[PDB]
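Novice: Data: data.cif, mmCIF, N, CA and C atoms.
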data_input
loop_
_atom_site.label_atom_id
_atom_site.label_comp_id
_atom_site.auth_asym_id
_atom_site.auth_seq_id
_atom_site.Cartn_x
_atom_site.Cartn_y
_atom_site.Cartn_z
N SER J 2 15.07 13.29 30.93
CA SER J 2 13.71 13.26 30.41
C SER J 2 13.65 13.90 29.03
N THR J 3 14.08 15.15 28.94
CA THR J 3 14.10 15.88 27.68
C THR J 3 15.51 16.32 27.37
N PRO J 4 15.90 16.39 26.09
CA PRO J 4 17.27 16.85 25.78
C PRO J 4 17.52 18.29 26.20
N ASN J 5 16.69 19.22 25.74
CA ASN J 5 16.70 20.64 26.08
C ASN J 5 17.94 21.38 25.58
N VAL J 6 18.92 20.68 25.01
CA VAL J 6 20.02 21.33 24.31
C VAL J 6 20.17 20.70 22.93
N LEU J 7 19.48 21.26 21.95
CA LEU J 7 19.44 20.65 20.63
C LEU J 7 20.64 21.08 19.80
N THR J 8 21.18 20.13 19.03
CA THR J 8 22.31 20.40 18.15
C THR J 8 21.81 20.95 16.81
N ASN J 9 20.97 21.98 16.91
CA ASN J 9 20.44 22.63 15.72
C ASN J 9 21.57 23.23 14.90
N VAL J 10 21.57 22.95 13.60
CA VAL J 10 22.64 23.40 12.71
C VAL J 10 22.24 24.65 11.94
N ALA J 11 20.96 24.99 11.90
CA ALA J 11 20.49 26.12 11.13
C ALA J 11 20.65 27.45 11.86
N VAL J 12 21.19 27.45 13.07
CA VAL J 12 21.37 28.66 13.86
C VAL J 12 22.84 29.04 13.85
N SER J 13 23.13 30.29 13.51
CA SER J 13 24.50 30.76 13.46
C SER J 13 25.01 31.05 14.86
N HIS J 14 26.24 30.61 15.14
CA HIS J 14 26.82 30.83 16.46
C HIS J 14 27.05 32.32 16.73
N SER J 15 27.54 33.05 15.73
CA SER J 15 27.83 34.47 15.92
C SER J 15 26.55 35.27 16.13
N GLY J 16 25.50 34.94 15.39
CA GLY J 16 24.25 35.67 15.47
C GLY J 16 24.10 36.79 14.47
N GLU J 17 25.04 36.93 13.52
CA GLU J 17 24.92 37.99 12.52
C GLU J 17 23.78 37.71 11.55
N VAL J 18 23.68 36.48 11.07
CA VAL J 18 22.66 36.09 10.10
C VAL J 18 21.57 35.31 10.83
N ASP J 19 20.32 35.49 10.39
CA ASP J 19 19.20 34.84 11.05
C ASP J 19 19.24 33.32 10.85
N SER J 20 19.60 32.87 9.65
CA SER J 20 19.60 31.45 9.34
C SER J 20 20.68 31.14 8.32
N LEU J 21 21.19 29.91 8.37
CA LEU J 21 22.24 29.51 7.45
C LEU J 21 21.67 28.82 6.21
N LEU J 22 20.35 28.69 6.13
CA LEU J 22 19.74 27.98 5.02
C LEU J 22 19.83 28.81 3.74
N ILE J 23 19.72 28.12 2.59
CA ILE J 23 20.07 28.72 1.31
C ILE J 23 18.85 29.12 0.48
N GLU J 24 17.64 28.75 0.90
CA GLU J 24 16.41 29.17 0.22
C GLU J 24 16.42 28.75 -1.26
N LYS J 25 16.27 27.45 -1.47
CA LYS J 25 16.32 26.90 -2.82
C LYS J 25 15.22 27.49 -3.70
N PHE J 26 15.50 27.55 -5.00
CA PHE J 26 14.59 28.14 -5.97
C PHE J 26 14.04 27.07 -6.90
N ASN J 27 12.72 27.06 -7.10
CA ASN J 27 12.09 25.96 -7.82
C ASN J 27 12.17 26.09 -9.33
N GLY J 28 12.53 27.26 -9.86
CA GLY J 28 12.71 27.39 -11.29
C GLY J 28 11.51 27.86 -12.07
N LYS J 29 10.67 28.71 -11.48
CA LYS J 29 9.49 29.24 -12.15
C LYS J 29 9.49 30.76 -12.09
N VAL J 30 9.23 31.40 -13.22
CA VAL J 30 9.13 32.85 -13.33
C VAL J 30 7.85 33.18 -14.08
N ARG J 31 7.12 34.19 -13.61
CA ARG J 31 5.79 34.51 -14.11
C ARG J 31 5.77 35.88 -14.77
N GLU J 32 5.12 35.97 -15.92
CA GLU J 32 4.77 37.23 -16.57
C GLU J 32 3.25 37.36 -16.62
N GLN J 33 2.76 38.42 -17.27
CA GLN J 33 1.32 38.49 -17.45
C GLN J 33 0.83 37.47 -18.46
N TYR J 34 -0.48 37.48 -18.66
CA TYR J 34 -1.17 36.53 -19.51
C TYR J 34 -1.70 37.16 -20.79
N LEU J 35 -1.34 38.41 -21.08
CA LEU J 35 -1.95 39.11 -22.20
C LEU J 35 -1.61 38.42 -23.51
N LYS J 36 -2.58 38.43 -24.43
CA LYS J 36 -2.48 37.70 -25.68
C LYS J 36 -2.86 38.62 -26.83
N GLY J 37 -2.23 38.41 -27.99
CA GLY J 37 -2.49 39.27 -29.13
C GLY J 37 -3.83 38.96 -29.76
N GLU J 38 -4.65 40.00 -29.95
CA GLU J 38 -5.95 39.80 -30.57
C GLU J 38 -5.83 39.60 -32.07
N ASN J 39 -4.80 40.19 -32.68
CA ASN J 39 -4.58 40.13 -34.13
C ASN J 39 -5.83 40.63 -34.85
N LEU J 40 -6.14 41.91 -34.69
CA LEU J 40 -7.39 42.46 -35.20
C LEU J 40 -7.19 43.23 -36.50
N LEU J 41 -5.96 43.64 -36.81
CA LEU J 41 -5.69 44.38 -38.03
C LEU J 41 -5.75 43.51 -39.28
N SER J 42 -5.88 42.20 -39.13
CA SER J 42 -5.86 41.31 -40.28
C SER J 42 -7.03 41.57 -41.22
N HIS J 43 -8.17 42.01 -40.67
CA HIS J 43 -9.36 42.19 -41.49
C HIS J 43 -9.17 43.30 -42.53
N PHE J 44 -8.55 44.40 -42.13
CA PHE J 44 -8.52 45.59 -42.96
C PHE J 44 -7.41 45.53 -44.00
N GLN J 45 -7.59 46.29 -45.07
CA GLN J 45 -6.53 46.48 -46.05
C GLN J 45 -5.53 47.50 -45.55
N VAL J 46 -4.26 47.10 -45.47
CA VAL J 46 -3.23 47.97 -44.93
C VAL J 46 -2.11 48.18 -45.95
N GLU J 47 -2.15 49.30 -46.65
CA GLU J 47 -1.11 49.61 -47.62
C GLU J 47 0.04 50.34 -46.94
N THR J 48 1.23 50.20 -47.52
CA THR J 48 2.44 50.81 -47.00
C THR J 48 2.74 52.09 -47.75
N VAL J 49 3.01 53.16 -47.01
CA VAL J 49 3.35 54.46 -47.58
C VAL J 49 4.83 54.72 -47.31
N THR J 50 5.59 54.92 -48.38
CA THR J 50 7.02 55.19 -48.27
C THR J 50 7.42 56.52 -48.88
N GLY J 51 7.00 56.79 -50.12
CA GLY J 51 7.35 58.05 -50.75
C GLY J 51 6.68 59.24 -50.08
N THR J 52 5.40 59.10 -49.75
CA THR J 52 4.62 60.19 -49.18
C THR J 52 3.99 59.72 -47.88
N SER S 2 -52.75 -31.05 35.29
CA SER S 2 -52.85 -31.12 33.84
C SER S 2 -52.01 -30.03 33.19
N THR S 3 -51.34 -29.23 34.02
CA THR S 3 -50.50 -28.15 33.54
C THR S 3 -49.21 -28.10 34.35
N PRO S 4 -48.10 -27.68 33.73
CA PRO S 4 -46.86 -27.44 34.48
C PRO S 4 -46.90 -26.06 35.14
N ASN S 5 -47.51 -26.00 36.33
CA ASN S 5 -47.81 -24.71 36.93
C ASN S 5 -46.55 -23.97 37.35
N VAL S 6 -45.57 -24.68 37.90
CA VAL S 6 -44.37 -24.05 38.45
C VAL S 6 -43.19 -24.36 37.53
N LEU S 7 -42.94 -23.48 36.57
CA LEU S 7 -41.83 -23.64 35.64
C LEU S 7 -40.52 -23.32 36.35
N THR S 8 -39.54 -24.21 36.21
CA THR S 8 -38.20 -23.89 36.67
C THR S 8 -37.55 -22.91 35.70
N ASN S 9 -36.94 -21.86 36.24
CA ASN S 9 -36.39 -20.78 35.44
C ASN S 9 -35.05 -20.36 36.01
N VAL S 10 -34.01 -20.41 35.17
CA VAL S 10 -32.68 -19.99 35.59
C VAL S 10 -32.42 -18.52 35.30
N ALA S 11 -33.41 -17.80 34.79
CA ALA S 11 -33.26 -16.39 34.46
C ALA S 11 -33.86 -15.47 35.52
N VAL S 12 -34.22 -15.99 36.69
CA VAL S 12 -34.80 -15.20 37.76
C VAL S 12 -33.98 -15.41 39.02
N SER S 13 -33.80 -14.35 39.79
CA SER S 13 -33.04 -14.41 41.03
C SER S 13 -33.99 -14.34 42.22
N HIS S 14 -34.06 -15.42 43.00
CA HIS S 14 -34.90 -15.43 44.19
C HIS S 14 -34.40 -14.42 45.22
N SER S 15 -33.08 -14.33 45.40
CA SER S 15 -32.53 -13.38 46.36
C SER S 15 -32.79 -11.94 45.93
N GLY S 16 -32.85 -11.70 44.62
CA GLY S 16 -33.14 -10.37 44.13
C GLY S 16 -31.90 -9.61 43.70
N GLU S 17 -31.99 -8.29 43.88
CA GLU S 17 -30.99 -7.25 43.64
C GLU S 17 -30.43 -7.26 42.22
N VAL S 18 -30.93 -8.12 41.34
CA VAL S 18 -30.58 -8.12 39.92
C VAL S 18 -31.83 -8.52 39.13
N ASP S 19 -32.05 -7.86 37.99
CA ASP S 19 -33.22 -8.18 37.19
C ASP S 19 -33.06 -9.52 36.49
N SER S 20 -31.85 -9.84 36.04
CA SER S 20 -31.64 -11.05 35.26
C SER S 20 -30.21 -11.54 35.46
N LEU S 21 -29.90 -12.66 34.81
CA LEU S 21 -28.61 -13.32 34.96
C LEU S 21 -27.96 -13.68 33.63
N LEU S 22 -28.33 -13.02 32.54
CA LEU S 22 -27.83 -13.40 31.23
C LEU S 22 -26.47 -12.75 30.96
N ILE S 23 -25.84 -13.15 29.86
CA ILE S 23 -24.39 -12.98 29.72
C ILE S 23 -24.05 -11.68 28.98
N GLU S 24 -24.98 -11.15 28.19
CA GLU S 24 -24.75 -9.92 27.43
C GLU S 24 -23.58 -10.08 26.45
N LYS S 25 -23.77 -10.96 25.47
CA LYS S 25 -22.72 -11.19 24.49
C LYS S 25 -22.52 -9.95 23.62
N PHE S 26 -21.39 -9.91 22.91
CA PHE S 26 -20.94 -8.66 22.31
C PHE S 26 -21.25 -8.60 20.82
N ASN S 27 -21.14 -9.73 20.12
CA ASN S 27 -21.37 -9.98 18.69
C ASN S 27 -20.26 -9.41 17.80
N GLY S 28 -19.29 -8.68 18.34
CA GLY S 28 -18.13 -8.27 17.56
C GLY S 28 -18.39 -7.27 16.44
N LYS S 29 -19.09 -6.18 16.73
CA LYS S 29 -19.31 -5.11 15.77
C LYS S 29 -19.11 -3.76 16.45
N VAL S 30 -18.27 -2.92 15.86
CA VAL S 30 -18.02 -1.57 16.35
C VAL S 30 -18.13 -0.60 15.18
N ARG S 31 -18.65 0.59 15.45
CA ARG S 31 -18.87 1.61 14.43
C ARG S 31 -18.01 2.83 14.72
N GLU S 32 -17.56 3.49 13.65
CA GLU S 32 -16.80 4.73 13.78
C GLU S 32 -17.23 5.69 12.68
N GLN S 33 -16.67 6.89 12.72
CA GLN S 33 -17.03 7.93 11.76
C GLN S 33 -16.54 7.58 10.36
N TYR S 34 -17.13 8.23 9.35
CA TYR S 34 -16.80 7.90 7.97
C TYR S 34 -15.66 8.77 7.43
N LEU S 35 -15.89 10.08 7.33
CA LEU S 35 -14.89 11.03 6.84
C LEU S 35 -14.24 10.59 5.53
N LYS S 36 -15.01 10.61 4.45
CA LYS S 36 -14.41 10.40 3.14
C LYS S 36 -13.27 11.39 2.92
N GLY S 37 -12.20 10.91 2.28
CA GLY S 37 -11.05 11.73 2.00
C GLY S 37 -11.25 12.52 0.73
N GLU S 38 -11.23 13.85 0.86
CA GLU S 38 -11.44 14.71 -0.29
C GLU S 38 -10.31 14.58 -1.30
N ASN S 39 -9.07 14.42 -0.81
CA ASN S 39 -7.89 14.37 -1.66
C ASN S 39 -7.82 15.61 -2.55
N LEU S 40 -8.11 16.76 -1.96
CA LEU S 40 -8.20 18.00 -2.73
C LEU S 40 -6.83 18.54 -3.08
N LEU S 41 -5.78 18.12 -2.37
CA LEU S 41 -4.44 18.62 -2.62
C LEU S 41 -3.85 18.08 -3.92
N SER S 42 -4.50 17.11 -4.55
CA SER S 42 -3.95 16.50 -5.76
C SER S 42 -3.83 17.50 -6.90
N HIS S 43 -4.60 18.59 -6.87
CA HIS S 43 -4.54 19.56 -7.96
C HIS S 43 -3.21 20.29 -7.99
N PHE S 44 -2.55 20.41 -6.84
CA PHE S 44 -1.38 21.26 -6.68
C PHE S 44 -0.11 20.41 -6.63
N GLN S 45 1.00 20.99 -7.07
CA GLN S 45 2.29 20.32 -6.93
C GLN S 45 2.85 20.52 -5.53
N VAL S 46 3.22 19.42 -4.87
CA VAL S 46 3.62 19.49 -3.47
C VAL S 46 4.93 20.24 -3.31
N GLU S 47 5.89 20.04 -4.22
CA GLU S 47 7.18 20.72 -4.19
C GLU S 47 7.88 20.43 -2.85
N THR S 48 8.38 19.20 -2.74
CA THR S 48 9.03 18.76 -1.51
C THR S 48 10.25 19.61 -1.20
N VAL S 49 10.49 19.83 0.09
CA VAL S 49 11.62 20.63 0.56
C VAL S 49 12.50 19.76 1.45
N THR S 50 13.80 19.79 1.19
CA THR S 50 14.80 19.13 2.01
C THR S 50 15.98 20.08 2.19
N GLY S 51 16.70 19.91 3.28
CA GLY S 51 17.74 20.88 3.58
C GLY S 51 17.09 22.21 3.89
N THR S 52 17.19 23.14 2.93
CA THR S 52 16.53 24.43 3.06
C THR S 52 15.02 24.24 3.20
#
Any chance you could give the structure as structure tokens?

Specialist:
Amino acid sequence: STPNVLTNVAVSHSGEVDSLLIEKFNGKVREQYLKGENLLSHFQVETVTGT
Amino acid sequence: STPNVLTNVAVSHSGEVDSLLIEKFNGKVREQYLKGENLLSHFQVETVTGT
């Protein structure tokens, strides 16, 4: 009626590891969304080197 | 001067039934509508095989 003995391949015979699957990676990495305001452009900014 | 006793095939002299008509079907059936939202289209399905 029912098989009841499945030839499952994802189960390790020894039992050391939970699963034999490899956990594929989709190729996406995320950082924050912060963006530069660029606010110093308005002001006059001189460079001081000697003093 | 009048047809007093009309012959009628829709009446049962013996009784036990109101009428003798056939109750035709006309071939129409109704079911629920359930418009498909298709809301999953916004997201990438990212099919998985093997792992």

Novice: Tell me as a PyMOL selection string which residues belonging to chain S come within 12 Å of chain J, counting only C-alpha atoms.

Specialist: chain S and resi 45-52

Novice: Export N, CA and C atoms of the chosen residues as a JSON list (two decimals), in the coordinates of the input?

Specialist:
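Once everything was written out, this is part11.json:
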[["chain", "number", "residue", "atom", "x", "y", "z"],
["S", 45, "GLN", "N", 1.00, 20.99, -7.07],
["S", 45, "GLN", "CA", 2.29, 20.32, -6.93],
["S", 45, "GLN", "C", 2.85, 20.52, -5.53],
["S", 46, "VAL", "N", 3.22, 19.42, -4.87],
["S", 46, "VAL", "CA", 3.62, 19.49, -3.47],
["S", 46, "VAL", "C", 4.93, 20.24, -3.31],
["S", 47, "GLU", "N", 5.89, 20.04, -4.22],
["S", 47, "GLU", "CA", 7.18, 20.72, -4.19],
["S", 47, "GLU", "C", 7.88, 20.43, -2.85],
["S", 48, "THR", "N", 8.38, 19.20, -2.74],
["S", 48, "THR", "CA", 9.03, 18.76, -1.51],
["S", 48, "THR", "C", 10.25, 19.61, -1.20],
["S", 49, "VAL", "N", 10.49, 19.83, 0.09],
["S", 49, "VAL", "CA", 11.62, 20.63, 0.56],
["S", 49, "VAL", "C", 12.50, 19.76, 1.45],
["S", 50, "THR", "N", 13.80, 19.79, 1.19],
["S", 50, "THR", "CA", 14.80, 19.13, 2.01],
["S", 50, "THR", "C", 15.98, 20.08, 2.19],
["S", 51, "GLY", "N", 16.70, 19.91, 3.28],
["S", 51, "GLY", "CA", 17.74, 20.88, 3.58],
["S", 51, "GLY", "C", 17.09, 22.21, 3.89],
["S", 52, "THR", "N", 17.19, 23.14, 2.93],
["S", 52, "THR", "CA", 16.53, 24.43, 3.06],
["S", 52, "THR", "C", 15.02, 24.24, 3.20]]

Novice: Any chance you could lay chain J over chain S, fitting all C-alpha atoms in order by least squares, and write the moved chain as an mmCIF file with N, CA and C atoms, in the coordinates of the input?

Specialist:
data_model
loop_
_atom_site.group_PDB
_atom_site.id
_atom_site.type_symbol
_atom_site.label_atom_id
_atom_site.label_comp_id
_atom_site.auth_asym_id
_atom_site.auth_seq_id
_atom_site.Cartn_x
_atom_site.Cartn_y
_atom_site.Cartn_z
ATOM 1 N N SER J 2 -54.422 -27.689 36.035
ATOM 2 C CA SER J 2 -54.759 -26.979 34.809
ATOM 3 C C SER J 2 -53.548 -26.229 34.274
ATOM 4 N N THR J 3 -52.986 -25.354 35.095
ATOM 5 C CA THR J 3 -51.809 -24.580 34.724
ATOM 6 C C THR J 3 -50.690 -24.859 35.698
ATOM 7 N N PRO J 4 -49.425 -24.834 35.257
ATOM 8 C CA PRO J 4 -48.325 -25.076 36.213
ATOM 9 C C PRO J 4 -48.236 -24.012 37.295
ATOM 10 N N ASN J 5 -48.136 -22.745 36.908
ATOM 11 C CA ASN J 5 -48.119 -21.569 37.774
ATOM 12 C C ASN J 5 -46.880 -21.483 38.664
ATOM 13 N N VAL J 6 -46.019 -22.499 38.668
ATOM 14 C CA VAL J 6 -44.714 -22.396 39.307
ATOM 15 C C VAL J 6 -43.642 -22.843 38.320
ATOM 16 N N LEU J 7 -43.118 -21.900 37.554
ATOM 17 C CA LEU J 7 -42.195 -22.243 36.483
ATOM 18 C C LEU J 7 -40.774 -22.363 37.012
ATOM 19 N N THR J 8 -40.044 -23.353 36.488
ATOM 20 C CA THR J 8 -38.654 -23.570 36.867
ATOM 21 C C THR J 8 -37.736 -22.684 36.017
ATOM 22 N N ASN J 9 -38.074 -21.395 35.992
ATOM 23 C CA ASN J 9 -37.273 -20.428 35.255
ATOM 24 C C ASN J 9 -35.865 -20.368 35.823
ATOM 25 N N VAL J 10 -34.870 -20.449 34.944
ATOM 26 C CA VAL J 10 -33.468 -20.481 35.361
ATOM 27 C C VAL J 10 -32.815 -19.112 35.233
ATOM 28 N N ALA J 11 -33.421 -18.183 34.510
ATOM 29 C CA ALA J 11 -32.831 -16.883 34.279
ATOM 30 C C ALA J 11 -33.065 -15.907 35.428
ATOM 31 N N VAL J 12 -33.745 -16.322 36.487
ATOM 32 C CA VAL J 12 -34.041 -15.467 37.627
ATOM 33 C C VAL J 12 -33.144 -15.864 38.786
ATOM 34 N N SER J 13 -32.457 -14.889 39.369
ATOM 35 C CA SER J 13 -31.565 -15.155 40.480
ATOM 36 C C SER J 13 -32.356 -15.329 41.763
ATOM 37 N N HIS J 14 -31.992 -16.350 42.544
ATOM 38 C CA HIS J 14 -32.694 -16.609 43.796
ATOM 39 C C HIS J 14 -32.486 -15.473 44.802
ATOM 40 N N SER J 15 -31.259 -14.963 44.897
ATOM 41 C CA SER J 15 -30.966 -13.907 45.864
ATOM 42 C C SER J 15 -31.683 -12.613 45.499
ATOM 43 N N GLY J 16 -31.731 -12.287 44.215
ATOM 44 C CA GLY J 16 -32.340 -11.052 43.762
ATOM 45 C C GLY J 16 -31.388 -9.890 43.610
ATOM 46 N N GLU J 17 -30.072 -10.117 43.760
ATOM 47 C CA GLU J 17 -29.116 -9.022 43.599
ATOM 48 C C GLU J 17 -29.018 -8.581 42.145
ATOM 49 N N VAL J 18 -28.933 -9.532 41.227
ATOM 50 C CA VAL J 18 -28.791 -9.245 39.802
ATOM 51 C C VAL J 18 -30.141 -9.468 39.126
ATOM 52 N N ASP J 19 -30.440 -8.642 38.117
ATOM 53 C CA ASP J 19 -31.723 -8.729 37.441
ATOM 54 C C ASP J 19 -31.846 -10.033 36.643
ATOM 55 N N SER J 20 -30.767 -10.451 35.984
ATOM 56 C CA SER J 20 -30.802 -11.635 35.142
ATOM 57 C C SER J 20 -29.443 -12.310 35.136
ATOM 58 N N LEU J 21 -29.449 -13.626 34.932
ATOM 59 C CA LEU J 21 -28.205 -14.376 34.921
ATOM 60 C C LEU J 21 -27.656 -14.536 33.503
ATOM 61 N N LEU J 22 -28.347 -13.986 32.510
ATOM 62 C CA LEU J 22 -27.930 -14.160 31.130
ATOM 63 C C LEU J 22 -26.678 -13.332 30.842
ATOM 64 N N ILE J 23 -25.948 -13.731 29.784
ATOM 65 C CA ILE J 23 -24.598 -13.229 29.563
ATOM 66 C C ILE J 23 -24.521 -12.181 28.454
ATOM 67 N N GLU J 24 -25.604 -11.954 27.710
ATOM 68 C CA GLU J 24 -25.649 -10.901 26.689
ATOM 69 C C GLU J 24 -24.531 -11.086 25.648
ATOM 70 N N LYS J 25 -24.706 -12.105 24.819
ATOM 71 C CA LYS J 25 -23.697 -12.437 23.819
ATOM 72 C C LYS J 25 -23.475 -11.278 22.850
ATOM 73 N N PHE J 26 -22.257 -11.204 22.319
ATOM 74 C CA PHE J 26 -21.856 -10.128 21.425
ATOM 75 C C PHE J 26 -21.624 -10.663 20.021
ATOM 76 N N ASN J 27 -22.194 -9.995 19.015
ATOM 77 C CA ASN J 27 -22.181 -10.543 17.664
ATOM 78 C C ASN J 27 -20.889 -10.285 16.910
ATOM 79 N N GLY J 28 -20.026 -9.390 17.393
ATOM 80 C CA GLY J 28 -18.744 -9.191 16.752
ATOM 81 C C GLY J 28 -18.682 -8.098 15.718
ATOM 82 N N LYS J 29 -19.452 -7.024 15.890
ATOM 83 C CA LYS J 29 -19.456 -5.903 14.960
ATOM 84 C C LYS J 29 -19.198 -4.602 15.705
ATOM 85 N N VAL J 30 -18.299 -3.783 15.179
ATOM 86 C CA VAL J 30 -17.974 -2.472 15.726
ATOM 87 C C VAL J 30 -18.008 -1.464 14.590
ATOM 88 N N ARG J 31 -18.588 -0.292 14.842
ATOM 89 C CA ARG J 31 -18.855 0.702 13.811
ATOM 90 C C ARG J 31 -18.056 1.972 14.058
ATOM 91 N N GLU J 32 -17.467 2.512 13.002
ATOM 92 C CA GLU J 32 -16.881 3.850 12.982
ATOM 93 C C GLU J 32 -17.655 4.718 11.993
ATOM 94 N N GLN J 33 -17.186 5.953 11.785
ATOM 95 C CA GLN J 33 -17.823 6.746 10.748
ATOM 96 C C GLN J 33 -17.482 6.234 9.361
ATOM 97 N N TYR J 34 -18.042 6.914 8.371
ATOM 98 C CA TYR J 34 -17.928 6.541 6.975
ATOM 99 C C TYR J 34 -17.059 7.503 6.177
ATOM 100 N N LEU J 35 -16.373 8.437 6.836
ATOM 101 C CA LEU J 35 -15.664 9.478 6.109
ATOM 102 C C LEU J 35 -14.555 8.878 5.262
ATOM 103 N N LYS J 36 -14.346 9.478 4.086
ATOM 104 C CA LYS J 36 -13.426 8.954 3.093
ATOM 105 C C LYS J 36 -12.521 10.075 2.606
ATOM 106 N N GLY J 37 -11.277 9.726 2.264
ATOM 107 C CA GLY J 37 -10.326 10.735 1.835
ATOM 108 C C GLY J 37 -10.619 11.207 0.428
ATOM 109 N N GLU J 38 -10.709 12.531 0.254
ATOM 110 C CA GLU J 38 -10.967 13.077 -1.069
ATOM 111 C C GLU J 38 -9.728 13.030 -1.944
ATOM 112 N N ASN J 39 -8.546 13.104 -1.328
ATOM 113 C CA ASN J 39 -7.264 13.122 -2.042
ATOM 114 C C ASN J 39 -7.272 14.258 -3.062
ATOM 115 N N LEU J 40 -7.315 15.494 -2.580
ATOM 116 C CA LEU J 40 -7.483 16.647 -3.456
ATOM 117 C C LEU J 40 -6.166 17.371 -3.710
ATOM 118 N N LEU J 41 -5.153 17.155 -2.871
ATOM 119 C CA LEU J 41 -3.868 17.809 -3.045
ATOM 120 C C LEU J 41 -3.065 17.243 -4.211
ATOM 121 N N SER J 42 -3.522 16.161 -4.824
ATOM 122 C CA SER J 42 -2.761 15.527 -5.888
ATOM 123 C C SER J 42 -2.595 16.444 -7.093
ATOM 124 N N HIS J 43 -3.581 17.318 -7.336
ATOM 125 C CA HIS J 43 -3.539 18.161 -8.523
ATOM 126 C C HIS J 43 -2.370 19.151 -8.475
ATOM 127 N N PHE J 44 -2.129 19.742 -7.315
ATOM 128 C CA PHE J 44 -1.202 20.854 -7.216
ATOM 129 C C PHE J 44 0.241 20.383 -7.097
ATOM 130 N N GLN J 45 1.160 21.257 -7.478
ATOM 131 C CA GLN J 45 2.576 21.018 -7.241
ATOM 132 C C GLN J 45 2.930 21.341 -5.806
ATOM 133 N N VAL J 46 3.487 20.360 -5.094
ATOM 134 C CA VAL J 46 3.795 20.534 -3.685
ATOM 135 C C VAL J 46 5.281 20.287 -3.422
ATOM 136 N N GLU J 47 6.050 21.357 -3.328
ATOM 137 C CA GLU J 47 7.472 21.230 -3.043
ATOM 138 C C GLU J 47 7.705 21.207 -1.539
ATOM 139 N N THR J 48 8.803 20.571 -1.139
ATOM 140 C CA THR J 48 9.174 20.435 0.258
ATOM 141 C C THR J 48 10.204 21.481 0.626
ATOM 142 N N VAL J 49 9.970 22.178 1.733
ATOM 143 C CA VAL J 49 10.881 23.199 2.241
ATOM 144 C C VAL J 49 11.533 22.659 3.511
ATOM 145 N N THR J 50 12.859 22.588 3.499
ATOM 146 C CA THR J 50 13.614 22.101 4.649
ATOM 147 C C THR J 50 14.597 23.123 5.188
ATOM 148 N N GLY J 51 15.422 23.715 4.319
ATOM 149 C CA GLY J 51 16.378 24.705 4.780
ATOM 150 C C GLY J 51 15.706 25.978 5.272
ATOM 151 N N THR J 52 14.703 26.449 4.537
ATOM 152 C CA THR J 52 14.031 27.702 4.850
ATOM 153 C C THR J 52 12.537 27.448 4.955
#

Novice: Chain S: which residues are helix (DSSP H, G or I) by DSSP, as a ChimeraX atom specification?

Specialist: /S:40-43
